[PDB]
Amino acid sequence: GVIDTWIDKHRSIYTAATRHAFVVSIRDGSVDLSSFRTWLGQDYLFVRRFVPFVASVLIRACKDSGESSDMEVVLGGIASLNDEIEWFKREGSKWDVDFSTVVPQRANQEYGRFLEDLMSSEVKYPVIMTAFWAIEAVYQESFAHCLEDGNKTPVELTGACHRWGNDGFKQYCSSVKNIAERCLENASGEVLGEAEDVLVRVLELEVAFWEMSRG
Ligand SMILES: Cc1ncc(CO)c(N)n1
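In terms of our numbering, the sequence shown opens at residue 1030 and continues consecutively.
Following this line, the structure appears as structure tokens:
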């Protein structure tokens, strides 16, 4: 399909944009949580920005109707964000990470602004859904196999891998993909073009975000 054609056409930054969100390591014989804590912090401030973004996509699916179930595909996504956002607060506390004292970095402050460029009524629904999809898919792709490759490393940190690696999120990202795919399948030269620039564009930010915490 239209999307796989694009990912397989762009497997490139996609792969770059789809490498493990945080690694874990060993130094002076102590588990090193350097990337993990960097990722937790930066990913929490974005998630706070991602929330109203999706809000604006929910409002659009309700008025840029194609199917009745679209809003529920989106409504659930946003729904887990309540628990996901709650999960970030528990982690902040058990890992001694102070969110009020996190400094949003360039590749993050920037994502704050881009999501904003999607909140405007001027952007076409198919473009917006493509972004909302890609953003899911990348974290799903970044977190697949994790559990399994989790027992192939010294000390595994598993709390995240469970949140974005479970079978419920895989099929959620999927109900979301089913929509995107149905929309792009009608977009006229103007809008489609606008979309692919966006798929490849979500990957660019995921890559420059992923570098903040590299290990
Ligand atoms: C950068 C980034 N992309 C996607 C997600 C979650 O889907 C996240 N938490 N952060």
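In this text, a Cβ means the ideal position worked out from N, Cα and C, and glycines have one as well.
Quick check: residue i and residue j, are their CB atoms within less than 8 Å of each other?
i	j	result
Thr1159	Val1086	no
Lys1206	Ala1166	yes
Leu1176	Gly1194	yes
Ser1242	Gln1138	no
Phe1143	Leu1232	no
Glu1113	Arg1056	no
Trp1239	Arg1066	no
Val1102	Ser1204	yes
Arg1089	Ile1042	no
Since residue i and residue j should fall inside the 8 Å C-beta cutoff, what is the C-beta to C-beta distance between them, to a whole number of angstroms?
i	j	result
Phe1051	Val1076	At roughly 15 Å, the Cβ-Cβ gap does not stay under 8 Å, so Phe1051 and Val1076 are not in contact.
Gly1244	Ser1059	Contact doesn't hold; Cβ gap of about 14 Å is too wide.
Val1220	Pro1155	6 Å
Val1131	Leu1213	At roughly 36 Å, the Cβ-Cβ gap does not stay under 8 Å, so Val1131 and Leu1213 are not in contact.
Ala1209	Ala1216	With a Cβ gap of about 11 Å, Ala1209 and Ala1216 do not count as contacting.
Let me check one thing: in DSSP terms, what residues is residue i bridge-paired to?
i	result
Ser1054	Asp1061
Out of the options, which one is the CA nearest neighbour of residue i?
i	options	result
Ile1164	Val1229, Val1152, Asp1127 and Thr1130	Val1229
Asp1125	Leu1213, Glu1101, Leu1069 and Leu1110	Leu1069
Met1148	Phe1082, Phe1161 and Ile1036	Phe1082
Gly1179	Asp1146, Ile1208 and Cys1190	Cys1190
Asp1146	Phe1128, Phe1079, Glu1185 and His1174	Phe1079
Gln1169	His1039, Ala1046 and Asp1037	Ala1046
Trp1162	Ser1097, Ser1054 and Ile1107	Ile1107
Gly1188	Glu1223, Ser1203 and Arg1119	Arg1119
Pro1183	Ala1173, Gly1121 and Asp1061	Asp1061
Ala1084	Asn1111, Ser1097 and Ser1098	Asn1111
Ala1173	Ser1150, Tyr1140 and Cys1202	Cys1202
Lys1153	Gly1105, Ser1097 and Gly1218	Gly1218
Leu1186	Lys1123, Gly1222 and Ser1150	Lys1123
Open item on the list: Between the segment 1091–1108 and the segment 1031–1044, can you find at least three pairs of beta-carbon atoms closer than 8 Å?
Closed with: The way I'd put it, the segment 1031–1044 doesn't touch the segment 1091–1108; fewer than three beta-carbon pairs between them come closer than 8 Å.
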